[PDB]
**Q** 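The structure is given below, and queries will be raised subsequently.
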Amino acid sequence: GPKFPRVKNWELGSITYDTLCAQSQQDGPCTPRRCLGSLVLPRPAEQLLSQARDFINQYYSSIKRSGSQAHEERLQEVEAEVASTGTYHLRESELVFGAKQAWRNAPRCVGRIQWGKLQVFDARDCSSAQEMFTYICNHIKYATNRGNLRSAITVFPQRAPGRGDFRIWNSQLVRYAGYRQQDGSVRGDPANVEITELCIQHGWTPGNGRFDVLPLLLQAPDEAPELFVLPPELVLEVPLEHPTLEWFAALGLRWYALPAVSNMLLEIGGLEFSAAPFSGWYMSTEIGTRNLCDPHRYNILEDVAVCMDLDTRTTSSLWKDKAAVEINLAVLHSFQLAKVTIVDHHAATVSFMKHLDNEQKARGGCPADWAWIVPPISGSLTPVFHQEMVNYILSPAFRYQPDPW
Amino acid sequence: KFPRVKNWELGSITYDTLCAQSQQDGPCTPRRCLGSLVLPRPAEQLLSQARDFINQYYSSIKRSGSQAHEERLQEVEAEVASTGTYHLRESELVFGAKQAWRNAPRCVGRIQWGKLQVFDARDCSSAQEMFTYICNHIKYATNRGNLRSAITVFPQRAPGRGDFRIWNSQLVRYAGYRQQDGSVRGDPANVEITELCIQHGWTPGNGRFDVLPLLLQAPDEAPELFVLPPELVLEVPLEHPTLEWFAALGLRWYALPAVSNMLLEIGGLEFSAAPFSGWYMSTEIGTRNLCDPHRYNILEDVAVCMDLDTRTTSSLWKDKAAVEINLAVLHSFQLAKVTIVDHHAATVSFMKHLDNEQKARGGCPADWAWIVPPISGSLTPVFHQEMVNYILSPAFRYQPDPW
Ligand code: HEM
Ligand code: HEM
Ligand SMILES: N=C(Nc1cccc(CNCCc2cccc(F)c2)c1)c1cccs1
Ligand SMILES: N=C(Nc1cccc(CNCCc2cccc(F)c2)c1)c1cccs1
Ligand SMILES: C[C@H](O)[C@H](O)[C@H]1CNc2nc(N)[nH]c(=O)c2N1
Ligand SMILES: C[C@H](O)[C@H](O)[C@H]1CNc2nc(N)[nH]c(=O)c2N1
Ligand SMILES: [Zn+2]
């Protein structure tokens with residue numbers, strides 16, 4: 001019957017059709033001959049105006065003034081502005097709508113039930129690296145809120161004709177250093193080897209711990225990036241303990257409270273915000289499974305398994321699975337004890353299922369990347385594993401962008 | 001543009017050039033990826049699939065271009081032009097069956113692909129004969145617990161008639177009895193096949209693990225019912241290495257996974273009944289079959305027995321119970337001397353397979369969502385490996401349910 005993707009939930013037996021995917025203006029990486037859904041990185045003039053017009057149409061739809069005189073006047077304002085300057089500028093409320101929509105549109109985010117609750121800090125007046133730092137500190141303070149975390153984004157000035165970009169060089173506001181050793185191994189977080197060395201190249205005096213907070217390397221237009229040390233009192237961390245394994249605290253593990261992504265581009269109506277850091281709170285598997293157990297990250301599975309006295313000499317003891325579960329439990333327990341917002345992967349995926357239903361009714365579908373939405377432990381124990389998903393690109397969007405260096 | 005494929009744990013990069021050999025479309029387009037969906041939405045064409053397959057075969061025996069090769073192409077061509085169809089030689093069928101397995105993107109067990117016993121049952125003319133062949137397949141593949149991969153190929157589809165079909169989705173399936181109040185006793189995945197069995201005259205039991213009879217269908221005949229001799233169905237009682245109450249749950253699973261509802265396509269020819277068997281990867285039983293909410297759904301029972309706090313997700317009671325259940329399956333299969341592979345060993349051998357296939361064919365079609373196991377995903381190397389999904393032929397395909 002319906003000429004749209006049919007989407008099945010295999011746990012419940014229920015069927016929906018995604019009609020929203022029709023509004024996709026941008027190609028993904030798949031073709032009829034081959035699916036590239038699992039790749040992490042899939043490989044203006046009148047063009048701007050059409051993205052602009054579409055965005056303005058979306059704005060006026062969301063305030064229910066679509067076709068109105070205020071709607072037609074905004075369209076004319078935008079084309080006039082582009083006509084004379086090659087670019088245009090968003091009203092404050094358009095920025096707020098666009099940032100929330102970009103989050104709503106992100107297929108890889110399992111946290112989207114929260115999308116309507118986003119504090120948008122408008123930092124489009126920023127004109128130096130020093131001021132970026134003040135804005136970032138204010139963001140961190142607001143978002144951290146002594147452990148009661150609050151979703152926020154800070155938006156620095158858009159890319160502009162000729163002029164250099166605003167960029168935060170760091171991939172997150174909080175990152176632990178990774179120091180390449182003589183033997184070729186890494187102390188700290190191997191994910192951060194390159195940013196760490198950039199920080200040293202730019203004058204930072206390196207420490208030598210497993211959990212040294214990195215400075216921020218902030219770049220204002222047409223200038224070299226500048227180095228800023230976060231005041232330690234602004235970076236809330238949680239030492240890790242386990243509810244019943246008393247030795248786990250002795251491992252001296254910790255993670256920071258605030259996940260704040262700083263290297264993504266926010267695109268709204270064809271305008272490009274190259275510095276627009278955003279933060280929410282962690283889902284517990286990000287820390288306990290990926291950051292702590294990935295082989296190319298802290299890689300602590302075997303140390304924990306040994307402390308647990310498990311048989312690490314054979315795969316069939318399920319030592320990796322047992323250790324990972326206890327590490328995840330330690331993350332959840334430690335964040336709870338410390339009163340820092342965190343969400344477990346069961347609670348998060350249940351809420352994402354609710355989000356899917358809300359969006360089916362509001363927009364006729366919801367772009368979702370199954371490989372990313374399904375948690376990295378206990379996949380089929382969560383309701384999302386059993387849910388088919390349609391992945392597609394809608395704008396406004398958060399997008400990857402090349403590293404500034 | 002051929003895809004660049006990266007492993008994120010190791011930093012290594014390959015290029016899939018095999019995908020250019022795909023003739024069949026999947027469900028994705030540039031506008032939207034449908035990769036997570038479980039199911040899909042003339043003489044010249046048969047002749048070109050047939051030639052392509054004959055070519056694959058002679059290349060496989062190093063005999064491309066030979067007189068044997070060109071004469072086989074003429075035989076196939078003469079047969080199609082005259083009759084609209086053709087027939088495979090046994091050796092071609094053997095090669096085709098192994099290649100369809102090799103090409104199966106959802107299969108994590110393909111390191112084994114070269115090791116497949118092929119039973120030719122194309123001279124089968126009745127449901128009765130199908131049963132004899134199936135019994136011999138089970139006996140062979142089971143081998144007192146030392147499992148051996150096998151396929152039995154029944155007669156191909158033919159334009160003028162109904163298909164040979166096995167109605168059951170596996171040769172071994174537990175009954176699912178729907179209650180007056182909607183709920184299910186046994187395996188809810190098998191409610192429909194169970195009702196079909198009763199309706200065709202099977203006297204049902206009333207347990208959680210009642211082995212179903214087979215419904216076997218010869219062309220344009222109602223299916224017939226055949227009870228499997230109990231000695232042919234090897235089962236494993238489930239116990240746990242350290243948790244004594246676990247055996248009290250009364251759980252078991254069967255040794256032999258033997259899928260019997262898929263269509264085998266070779267060179268344009270279609271085998272609507274070609275059941276195949278290997279051995280289980282432990283998560284299929286421990287995680288999916290026993291812990292899926294729409295299956296036996298035992299997570300709560302086990303958590304309670306383990307005295308876990310089920311009042312909150314953040315105790316990870318589900319995760320803890322699931323791990324113990326998978327451990328029980330592995331332990332119990334090991335104790336019974338029945339072949340099984342855990343999800344770490346299986347995914348490690350699949351990585352070796354990806355590397356063998358890169359060297360041999362310049363790629364390997366793989367469906368990431370199916371290859372990564374349903375617990376402990378990122379703890380296995382396959383999670384960090386990009387994969388390219390596409391359809392090569394010979395292939396195993398889904399087909400409609402015959403009722
Ligand atoms: C409210 C709490 C939130 C939770 C628990 C959450 C959860 C997550 C998780 C677990 C991921 C996967 C990250 C990874 O595996 O590397 C993710 C991806 C993402 N989320 Fe969120 N999210 C939250 C809020 C936000 C906010 C506030 C934004 C932006 C306004 C956001 C936008 C994104 C984007 C853009 C991605 C994709 C990153 C990529 O493609 O690489 N989310 N989310
Ligand atoms: C040797 C031991 C083998 C192991 C451990 C194994 C493992 C698996 C697993 C775990 C799956 C996913 C099944 C599911 O979740 O429903 C699978 C899929 C599959 N395997 Fe195997 N495999 C083996 C041998 C074979 C053999 C002998 C064949 C056929 C000749 C085969 C063909 C397939 C096919 C066609 C699928 C996909 C089914 C679908 O798309 O629904 N495998 N394999
Ligand atoms: N809980 C969070 N997690 C999160 C959200 C978005 C992005 C990320 C970081 N993802 C990095 C993935 C990655 C890593 C290395 C290379 C690569 F291409 C991609 C993490 C939040 C961060 C900000 C708001 S919520
Ligand atoms: N270990 C095995 N497992 C396995 C292999 C292939 C297929 C299957 C069963 N998969 C059925 C998946 C499924 C379930 C419900 C509905 C649906 F559409 C599809 C299981 C083997 C079976 C035969 C050889 S190895
Ligand atoms: C190759 C594969 O796409 C890659 O490992 C993905 C899989 N799923 C993921 N899912 C999330 N949420 N985060 C990730 O980094 C990844 N990594
Ligand atoms: C919707 C989703 O594709 C579906 O639940 C798939 C996911 N991955 C799977 N992987 C395997 N091996 N077997 C399955 O049945 C499934 N089910
Ligand atoms: Zn796809």
Side-chain angles (χ1 to χ4, degrees), chain A residues 8 10 28-32 34-42 99-100 102-115 117-120 143 149-153 259-261 263-264 266 276-286 289-291 341-343 345 347-348 351-352 369-370 372-373 375-376 390-391 397-400, chain B residues 26-29 32-39 101 104 106-109 112 116 141 147 149-151 169-171 189 256-262 275-281 284-285 288-289 294 340-341 346 367 370 378 388-389 396 398:
Chain A
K8 178 163 179 173
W10 288 87
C30 300
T31 68
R34 83 291 176 284
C35 170
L36 256 19
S38 81
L39 303 214
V40 170
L41 317 169
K100 292 175 171 169
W103 180 14
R104 184 186 195 178
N105 289 341
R108 287 171 172 181
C109 181
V110 72
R112 285 178 276 169
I113 188 85
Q114 284 291 151
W115 75 267
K117 189 156 161 91
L118 184 60
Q119 172 63 31
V120 178
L149 271 31
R150 299 183 289 213
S151 294
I153 184 167
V261 172
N263 64 171
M264 296 190 84
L266 169 63
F278 61 90
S279 68
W281 52 83
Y282 267 118
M283 172 169 85
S284 63
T285 55
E286 300 179 76
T289 310
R290 303 304 308 292
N291 303 349
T341 312
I342 186 134
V343 63
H345 53 287
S351 84
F352 187 69
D369 186 333
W370 193 97
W372 278 64
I373 292 300
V390 186
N391 188 193
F398 289 104
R399 299 178 195 283
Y400 290 139
Chain B
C28 303
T29 73
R32 83 291 182 281
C33 169
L34 258 34
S36 78
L37 300 237
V38 175
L39 310 166
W101 178 15
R106 292 170 171 183
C107 180
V108 76
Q112 284 293 139
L116 183 63
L147 277 25
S149 302
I151 189 175
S169 66
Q170 294 188 31
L171 303 181
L256 185 71
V259 168
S260 54
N261 62 179
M262 300 189 82
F276 61 86
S277 64
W279 52 81
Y280 267 119
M281 171 165 86
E284 301 182 70
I285 307 174
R288 304 303 309 288
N289 297 353
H294 56 298
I340 196 153
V341 59
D367 183 337
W370 285 61
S378 70
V388 187
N389 197 2
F396 286 102
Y398 295 124

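Below, read A as the first sequence line, B as the second, and so on, with proteins coming before strands; counting in each chain starts at 1. Just so you know, ligand 1 is whichever comes first in the structure, and atom 1 is the first atom listed for that ligand.
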**Q** Can you check whether A:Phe278 reaches A:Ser151 side chain to side chain, under 4.5 Å on heavy atoms?
**A**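 The answer is no; the side chains never approach within 4.5 Å.
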**Q** Do B:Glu284 and B:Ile340 have side chains that approach each other closer than 4.5 Å (heavy atoms only, starting at C-beta)?
**A**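 Sidechains of B:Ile340 and B:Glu284: no contact.
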**Q** Any idea which protein heavy atom is nearest atom 8 (C) of ligand 4, and the distance to it?
**A**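 Here the closest protein heavy atom is B:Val259 CG2, 3.6 Å.
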**Q** Do B:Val38 and B:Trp370 touch side chain to side chain, with heavy atoms closer than 4.5 Å?
**A** yes
**Q** Between A:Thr341 (side chain only) and A:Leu149 (backbone N and O only), is there a donor and an acceptor less than 3.5 Å apart?
**A** yes
**Q** Name the closest protein heavy atom to atom 12 (C) of ligand 1, giving the residue it belongs to and the distance to 0.1 Å.
**A**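 Looking at atom 12 (C) of ligand 1, the protein heavy atom closest to it is A:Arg108 O, 4.0 Å.
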**Q** Looking only at heavy atoms of A:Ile153, does any of them come nearer than 4.0 Å to an atom of ligand 1?
**A**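 No, that is not the case, since the closest heavy atom of the residue is not under 4.0 Å from the ligand.
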**Q** Give me the residue, atom name and distance of the protein heavy atom closest to atom 1 (C) of ligand 1.
**A** A:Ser151 OG, 3.6 Å
**Q** Working to the nearest 0.5 Å, report the span between CE of A:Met283 and CZ of A:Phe352.
**A**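 One finds 11.0 Å between CE of A:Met283 and CZ of A:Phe352.
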**Q** Polar contacts were defined as any N/O atom of the residue lying under 3.5 Å from an N/O atom of the ligand; does this apply to A:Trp103 and ligand 1?
**A** yes
**Q** Out of A:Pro259, A:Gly280, A:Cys109, whose heavy atom is nearest to atom 22 (N) of ligand 1?
**A** A:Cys109
**Q** Among A:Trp372, A:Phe278, A:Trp281, whose heavy atom sits nearest atom 14 (C) of ligand 1?
**A**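 Shortest heavy-atom distance from atom 14 (C) of ligand 1: A:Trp372.
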**Q** For atom 18 (F) of ligand 4, what's the nearest protein heavy-atom neighbour? Residue, atom name and distance, please.
**A**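 Answer, as residue, atom name and distance: B:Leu39 CD2, 3.3 Å.
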**Q** So if I count the atoms of ligand 4 from 1 in the order they appear, which ones are less than 4.0 Å from some heavy atom of B:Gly278?
**A** 23 (C), 24 (C), 25 (S)
**Q** Can you list the ligand 1 atoms lying under 4.0 Å from a non-hydrogen atom of A:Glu286?
**A**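 Within the 4.0 Å cut-off of A:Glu286, ligand 1 contributes 10 (C), 13 (C).
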**Q** Can you find a protein heavy atom closer to atom 15 (C) of ligand 4 than 4.0 Å?
**A** no
**Q** Mark up the atoms of ligand 1 that fall under 4.0 Å of a heavy atom belonging to A:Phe398, in ascending order.
**A** 29 (C), 30 (C), 35 (C)
**Q** Counting heavy atoms only, which part of B:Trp101 comes closer than 4.0 Å to ligand 4: side chain, backbone, both or neither?
**A** neither
**Q** Please could you name the atoms of ligand 1 that A:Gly111 approaches to less than 4.0 Å, counting only its heavy atoms?
**A**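 Matching atoms, with element in brackets: 4 (C), 6 (C), 7 (C), 22 (N).
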**Q** Quick one: which ligand 1 atoms are inside 4.0 Å of a heavy atom on A:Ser279?
**A** 27 (C)
**Q** Which atom names give the shortest non-hydrogen contact between A:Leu266 and A:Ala102, and what distance separates them?
**A** CD1-CB, 3.5 Å
**Q** In the protein, what heavy atom is nearest to atom 23 (C) of ligand 4, and what distance, to one decimal place, separates them?
**A**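 Answer for atom 23 (C) of ligand 4: B:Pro257 O, 3.3 Å.
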**Q** With rounding to the nearest 0.5 angstrom, report the CG to OG distance, B:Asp367 to A:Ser38.
**A**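 Rounded to the nearest 0.5 Å, the CG-OG separation comes out at 9.0 Å.
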**Q** Between A:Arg34 and A:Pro29, what is the shortest heavy-atom contact and its length?
**A**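 Closest approach of A:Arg34 to A:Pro29: NH1-O, 3.0 Å.
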**Q** Could you measure the distance from the CG atom of B:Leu256 to the OH atom of B:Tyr280? Nearest 0.5 Å is fine.
**A**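 It comes to 8.5 Å.
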**Q** Nearest 0.5 Å please: distance from the CD1 atom of A:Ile153 over to the NZ atom of A:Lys100.
**A**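 One gets 11.5 Å once the value is rounded to the nearest 0.5 Å.
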**Q** Out of B:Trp370, B:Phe396, B:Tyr280, indicate the one that has the non-hydrogen atom closest to atom 12 (C) of ligand 4.
**A**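 Nearest option to atom 12 (C) of ligand 4, by heavy atoms: B:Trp370.
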**Q** Of the non-hydrogen atoms in B:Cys33 and A:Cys35, which two are nearest, and what is the gap between them?
**A** SG-SG, 3.8 Å
**Q** Is the closest heavy-atom distance from A:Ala99 to ligand 1 below 4.0 Å?
**A**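 In this structure, A:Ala99 fails to qualify as a contact of ligand 1 - no heavy atom is under 4.0 Å.
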**Q** Counting only heavy atoms, which portion of B:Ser277 has something under 4.0 Å from ligand 4: side chain, backbone, both, or neither?
**A** backbone
**Q** Compare every heavy atom of B:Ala141 with every heavy atom of B:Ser277, then report the nearest pair and how far apart it is.
**A**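 Heavy atoms of B:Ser277 and B:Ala141 come nearest at OG-CB, 3.4 Å.
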**Q** Taking non-hydrogen atoms only, is B:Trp279 closer than 4.0 angstrom to ligand 4 via side chain, backbone, both or neither?
**A** backbone
**Q** Under the 4.0 Å line, does any protein heavy atom show up next to atom 25 (S) of ligand 4?
**A**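 Protein heavy atoms within 4.0 Å of atom 25 (S) of ligand 4 - there is at least one.
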**Q** Is ligand 4 under 4.0 Å from a heavy atom in the side chain of B:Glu284, in the backbone, in both, or in neither?
**A**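 It is the side chain that gets close, since no backbone atom is under 4.0 Å.
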**Q** For ligand 1, find out whether one of its N or O atoms is nearer than 3.5 Å to an N or O atom of A:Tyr400.
**A**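 The answer is yes, given that A:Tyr400 and ligand 1 share an N or O pair closer than 3.5 Å.
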**Q** To the nearest 0.5 Å, what is the distance between CG on B:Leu37 and CH2 on A:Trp10?
**A**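 The CG atom of B:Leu37 sits 10.0 Å away from the CH2 atom of A:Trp10.
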**Q** Check contact between A:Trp115 and ligand 1, using heavy atoms of the residue and a distance below 4.0 angstrom.
**A**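 Per 4.0 Å heavy-atom rule, A:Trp115 does not contact ligand 1.
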**Q** Need the ligand 4 atom indices (1-based, order shown) with element for anything under 4.0 Å from a heavy-atom of B:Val38.
**A** 18 (F)
**Q** Mind running side-chain contact (heavy atoms from CB on, under 4.5 Å) on A:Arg112 and A:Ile373 for me, showing each step along the way?
**A** CA-CA 11 Å; A:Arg112 285 178 276 169; A:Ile373 292 300; 4.2 Å; yes
**Q** To the closest 0.5 Å, what do you measure between SG (A:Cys109) and CH2 (A:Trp115)?
**A**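 Going from SG on A:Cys109 over to CH2 on A:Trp115, the span is 13.0 Å.
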